[PDB]
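This report refers to the structure that appears directly beneath it.
Chain nomenclature is as follows: A, B, C, D and E, assigned in order of appearance, with residue numbering initiated at 1 for each chain independently.
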């Protein structure tokens, strides 16, 4: 999902922000340890916008 | 007791202790009894026991902007000589007076009064600390006091029941103290070690006898502590964790306690699970080990798989898989000629341990985690060193044990288990190929060829390589499977021929290791044998196999029955221990039953293997001299009446009559030999 | 033919004996594998069969390159020292190891058409080169 | 360091308890391999 | 991580609960990217 929305801001470049925010906040509140490299890609792409 | 000069009376008693301490050390290091004895009596002669009173006196209970003055009291703070972080009152007075001298004229008295308030503040903070270091050294004392008082005195001086009652009361009071909400945080680690120590003591004590309310309250305490621990003091964590591991190993009366303890540990519910898991994935190295252990233990002790449920649903197992990738980085490190941290080993161990200790529902989940698949990605195991050898072993060994436990507990059709293991082997084609070409009869390379053959046995069944063509890979894979079965066969000619007489010979130019290695060679045969027993589903090999087998069979019936006599009934005791009065007798009992079962396994093994070689020969001869078009069958029937001499038949029937009637309601051997002779005539 | 000698050729390069015989054995096997395991054939071979053939050639060239590490390194003085606890044999073995190197060399030389071993080899090469000259 | 002496001791004792569990685990493992072989037989 | 952590904790009227929690999220996320303590606290 985040890779897609990322590509969306990519094409728009080459709301999306607030949506990405909702996703990252979800990741945070989620009572389940997602994998590590998962969190890595999430944080990095959330930044790169 | 100086109500007015607390700090002094404290430090006094502290030094007096330390002196008495070095004294007890020496006085034991040579000898003396009556002074130790009198002090003991006054400590315990019933009137509260003395050491109780001693511990019991030590009371474990205890203009300007706010943040600016707080930073000021924080900058002039200094650790007093006994470690207390006291606020330097005089330097604070100096700084406050200076800044006071630095609308301001009428405000001068307000400034000076607020400075005096900050002064009383810094002074109370100092005195507070001073009290803190005082109580700190005080408890350190009473602690080390007990440490010697129980640690070095020959337990003769104390009736055991007294030791139990007192160590108990000590845990009771110390828990009462560490648990009160007003517990100074820093005072935590101290009682920690105390518990650990006191605990193991009571442990041996009660074990040496061999109020359950007390052990229950104890575990309840130590838990409640481990919970009360913040997520920062990973030290106090590892400590409590080890403490619990012991409080468990202390335990049909055994099954009754086991139940009751499982019930207790449950009553904590998901919380302690969440804690232990958190540390397990995240804690400090000492905590990491001790915890992963505790987890393997709790898992072995719990039937309803609940903790397995939590660990799996909570995603922890995935954290573990990551830990596997990381440990792979660690072995990649140790690949170099200078390992930074030997600990990385002990970690990878405790991890794979908790793994192995994880029945069925688990195994479903674990294979579902693709643990194997991760292992398949690992490149380190391909670094078998061309002690270095002892290391590369210590690495490959637990890995192979893992893959084998997998192929075992994963029901025989989770074909991906096989195919992945086969991928593991194919990756190490050169490596395992060499490990097969191994001629050095070292016990190590022995066990390595052992596990390698056991895997290739359970795996290289053709039934897979046809389900993997879903082609060049199918061909290469079946080729590797074939080479595997080829070596798995050819190992029989090494370990199971007259050449074995060479291997036990060249190394003669120790009682347990013998029965061990005998179990070993027997299992090695058994493995190559079952491998072929499936595979068909020079024959002189199989014949000589039955022969040497029956040979060792009488050898073992004899050795084992002699050991049976030995078990039913100084140098003898020394050798009765050198393989593994009262405890050497226990060790002798142990090694006895050990060798006995090892022998009986060798016996059933030869017996099955005999049924096998017999069946394989029966079918092979049927094919060779009944349906094989032609000189081989003539020589065949001839040599068959030639080698299956009535000597062999009589030896086998005597063996069956010897041991089979104690274990097998069927004279299967007699009917098989009859059919064999019938096919021979 | 080599693939038919799979276990055999693998052990043959896998020898740890400095028996002059075994030396000549790995020597000629490698001279072959050098003139032989070229990619130019695994292509004209095409199918799972051709995969197997390339794979065998791969184990082959891989070991053949590893052979320089045993025959041209600092380990040389080791495998020559463990044997002293004989002149003609030495002239022989020197010519021989020269050939073994030059062989695996030409192998790579076409292959392009740890580098530290290339370094140490340059070293021993130059030093001998003077001893020779 | 008398205290430090006690310290070296207790540290060894820890490493001991841990390895002991490691053993008991390996042991039950082999026992399962055995009952397995007997199942196969 | 610690930077954003303080940023969120900071008593200040210019930070509404939303941006606070969104920070604390970005925090835990950068965290999984002693630190175990910081995690336990958070």
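Rule of thumb we're sticking to: a contact is a pair of C-beta atoms (placed from the backbone, for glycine too) under 8 Å apart; a residue touches a chain by one contact, two chains touch by 3 or more.
When the interfaces B-D and A-B are ranked by how many C-beta pairs touch across them, B-D comes first. Ranked by how far their CA centres sit from the centre of subunit C, the chains are topped by E. Chain centres here are Cα means. That of subunit C falls 61 Å from that of subunit E.
Distance between subunit A and subunit B, defined via averaged C-alpha coordinates, is recorded as 42 Å.
Subunit D and subunit E have Cα centroids lying 42 Å from one another. Subunit A and subunit E, compared by their mean Cα positions, are separated by 17 Å.
Residue positions of subunit A touching 2 or more other chains, listed in rising order: 34, 36.
In subunit B, no position touches at least two other chains. Chains touching one another form the pairs A-B, A-E, B-C, B-D, B-E. Of all residues in subunit B, only 21-22, 25, 144, 147, 151, 193, 196-197, 200, 242, 245-246, 249, 286, 289-290, 293, 296-297, 300, 346, 349-350, 353, 356-357, 401, 404-405, 408, 523, 526, 530, 601, 604-605, 608 touch subunit D in the complex they form.
Against subunit B, in their complex, subunit E makes its touches with residues 34, 36-37, 39-41.
Within the complex formed with subunit B, the subunit D residues making contact are 2-3, 6, 10, 13-14, 17-18, 20-22, 25-26, 28-29, 32-34, 36-38, 40-41. By the touch criterion given at the top, residues 6-7, 10-11, 14, 47-52, 55, 59 of subunit C touch subunit B in their complex.
Interface residues of subunit B, counted against subunit E in their complex, comprise 230-232, 234, 278, 282-284.
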